[PDB]
Amino acid sequence: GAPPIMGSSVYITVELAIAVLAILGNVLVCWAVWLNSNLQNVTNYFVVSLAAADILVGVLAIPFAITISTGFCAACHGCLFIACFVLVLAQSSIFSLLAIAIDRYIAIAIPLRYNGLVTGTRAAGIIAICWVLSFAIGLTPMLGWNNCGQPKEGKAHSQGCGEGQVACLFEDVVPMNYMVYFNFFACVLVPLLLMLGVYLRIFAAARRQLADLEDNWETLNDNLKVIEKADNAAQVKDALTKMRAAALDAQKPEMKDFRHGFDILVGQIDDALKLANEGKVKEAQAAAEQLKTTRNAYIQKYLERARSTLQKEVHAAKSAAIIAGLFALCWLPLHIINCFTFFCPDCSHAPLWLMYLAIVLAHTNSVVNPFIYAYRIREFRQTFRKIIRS
Ligand SMILES: CC(C)CCC[C@@H](C)[C@H]1CC[C@H]2[C@@H]3CC=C4C[C@@H](O)CC[C@]4(C)[C@H]3CC[C@]12C
Ligand SMILES: CC(C)CCC[C@@H](C)[C@H]1CC[C@H]2[C@@H]3CC=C4C[C@@H](O)CC[C@]4(C)[C@H]3CC[C@]12C
Ligand SMILES: CC(C)CCC[C@@H](C)[C@H]1CC[C@H]2[C@@H]3CC=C4C[C@@H](O)CC[C@]4(C)[C@H]3CC[C@]12C
Ligand SMILES: Cc1cc(Cn2nnc3c(-c4ccco4)nc(N)nc32)ccc1N
Ligand SMILES: CCCCCCCC/C=C\CCCCCCCC(=O)O
Ligand SMILES: CCCCCCCC/C=C\CCCCCCCC(=O)O
Ligand SMILES: CCCCCCCC/C=C\CCCCCCCC(=O)O
Ligand SMILES: CCCCCCCC/C=C\CCCCCCCC(=O)O
Ligand code: NA
């Protein structure tokens, strides 16, 4: 058995490196949102809350994890707090990630009433509530669901702990049924599955809306061909009645030129419709040919800006789903190991070095979020450069 301080020195040094990187990167995230007003929206208010929890990981959780790895003597309820405070920050992260996904779903499913529904003041109240719930969930062991009533008295005396103290070890004080049933299944796994379902609805909604923009555009062009090769006044009326419905369906600085374009489009369809109802088929086809001018000058531009906006919303949702996916990737090994500890008492406990590896991997998550915003969000990246240069 090698001396514990050799392996502990590597673990501590890595933990301190992660703490420094988590603090620096996420203080930069908060600084960027504080200065740049283009970054000041509801989505980024949860981003800041998410970054604040990552800051507290390096300031408190990582020093707590270094402390509780030594198994020092402590009063059980005080030992419970340094054991469970990281569960509060992990819970806070989950609420912020679920809020970001829900916020993006509202922006893409009901964009007309997004600003009136999702406001900045309601977001700050939600964030306050989620932090209160995160403390209550994460510090539930301090409410009585703990093993302080049955202290390992042999381990406490072997380390010279005083009366009323225990050897502060996570799996000694935190019950494993809490970690698996309450923390993992109820408070971690179910919300992550809810995020997955929200993102699936987001990408399904975007794909359908792009589909609708391509259908109405093709409906417009196909009915134009029908009018050209028609032979009576009834075929022209049938095609124009479809375009007028598709134009009004599609109508539902640049907002003034696009409203003018659809006023021309629907108006010209009406001109050709009246000429068709009068039996003037040749005059109706010529009036419908003026629609091509309106299409190339106004309607084709609306379809490309609407296509561009939806593509930006997909990219933004993909970036947010990457954040929530890496969170699961970084925390699931720790939760899976707890499942083996709890559900298989005949299996040997996962080796200590694998425990150290899982703990470090979970802490690393507090570093990766500032890199995703830099590589995937131009507004964050450009603000990051201006902060670092200045
Ligand atoms: C705002 C920031 C600075 C507050 C930080 C407070 C932290 C460092 C304090 C608050 C509660 C404290 C714990 C309270 C109770 C005990 C039991 C004792 O037998 C060992 C110390 C221990 C485990 C303390 C460790 C330090 C502790 C966790
Ligand atoms: C989250 C994604 C990346 C998958 C992570 C897989 C990890 C967490 C899984 C895969 C294989 C698993 C191990 C398989 C076998 C054993 C031996 C058993 O006596 C203790 C648990 C232990 C050591 C498991 C720990 C968890 C484990 C290492
Ligand atoms: C959808 C996914 C990500 C949810 C998380 C998967 C978890 C809950 C699953 C995946 C692998 C599973 C483990 C596979 C093997 C064993 C060994 C068995 O003797 C006890 C149950 C236990 C320990 C399982 C517990 C539940 C488990 C850890
Ligand atoms: C080896 C080592 C251990 C701990 C104790 N510690 N913390 N967090 C945990 C979890 C957990 C958190 C979230 C989901 O699971 N699980 C278990 N078993 N121990 C934990 C702390 C530091 C080290 N190095
Ligand atoms: C731009 C960032 C520049 C560098 C930032 C700080 C780098 C921190 C690197 C590791 C610090 C490790 C401190 C050594 C303590 C070892 C613990 C021990 O002796 O047991
Ligand atoms: C602008 C958003 C501010 C976000 C921070 C919200 C401030 C409240 C923070 C946590 C209060 C903790 C109250 C304790 C609740 C649970 C008590 C327990 O279970 O032990
Ligand atoms: C795990 C502990 C569960 C605790 C359940 C009770 C906590 C939930 C409390 C209410 C959440 C919503 C608060 C609504 C604030 C209303 C104020 C307002 O609308 O202005
Ligand atoms: C590329 C994926 C990450 C690679 C680095 C991590 C490599 C080790 C990962 C875990 C494998 C499982 C190790 C088995 C634990 C010992 C089995 C036992 O005796 O109980
Ligand atoms: Na986090």
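Residue numbering: from 1, along the chain as shown.
We read in the header that X-ray crystallography, 2.6 Å was used to get this structure.
Just so it is clear, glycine is given a Cβ too, placed from its N, Cα and C backbone atoms.
Per Swiss-Prot, these features apply:
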DISULFID  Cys73-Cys161  disulfide bond
DISULFID  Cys76-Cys148  disulfide bond
DISULFID  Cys79-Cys168  disulfide bond
DISULFID  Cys344-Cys347  disulfide bond
TOPO_DOM  35-44  topological domain 'Cytoplasmic'
TOPO_DOM  69-79  topological domain 'Extracellular'
TOPO_DOM  344-351  topological domain 'Extracellular'
TRANSMEM  10-34  transmembrane segment
TRANSMEM  176-200  transmembrane segment
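The PDB entry annotations:
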SEQADV    1-3  expression tag
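The structure, with features from Swiss-Prot marked on it.
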| residue | record | Cβ within 10 Å |
| --- | --- | --- |
| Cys73 | disulfide bond | 16 |
| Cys76 | disulfide bond | 20 |
| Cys79 | disulfide bond | 26 |
| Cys148 | disulfide bond | 16 |
| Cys161 | disulfide bond | 20 |
| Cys168 | disulfide bond | 25 |
| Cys344 | disulfide bond | 10 |
| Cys347 | disulfide bond | 9 |
Of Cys79, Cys148, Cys168, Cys344, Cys347, which disulfide-bonded residues come close to ligand 2, meaning Cβ under 6 Å from one of its atoms?
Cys347
Tertiary contacts of the transmembrane segment (10-34) (same chain, 6+ residues out, Cβ under 8 Å):
40, 44-45, 47-48, 51-52, 54-55, 57-59, 62-63, 65-66, 69, 356, 360, 363-364, 366-367, 369-371, 373, 380, 383-384, 387
Distance check, please: Cα of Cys76 (disulfide bond) against Cα of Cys344 (disulfide bond), rounded to an integer number of angstrom.
26
Secondary structure at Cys73 (disulfide bond) (DSSP, helix/strand/coil)?
strand
If 13 residues are missing between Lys252 and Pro253, how far apart are the two Cα atoms, in Å?
18
Going along the chain, which residues at least six beyond the ends of the topological domain 'Extracellular' (344-351) come within the CB cut-off of under 8 Å?
337
Could you give the number of helix, strand and coil residues in the topological domain 'Extracellular' (344-351) as assigned by DSSP?
0 helix, 0 strand, 8 coil
Please tell me which one of the disulfide-bonded residues listed here (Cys73, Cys79, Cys161, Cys347) sits closest to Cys148 (disulfide bond), measuring Cα to Cα?
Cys79
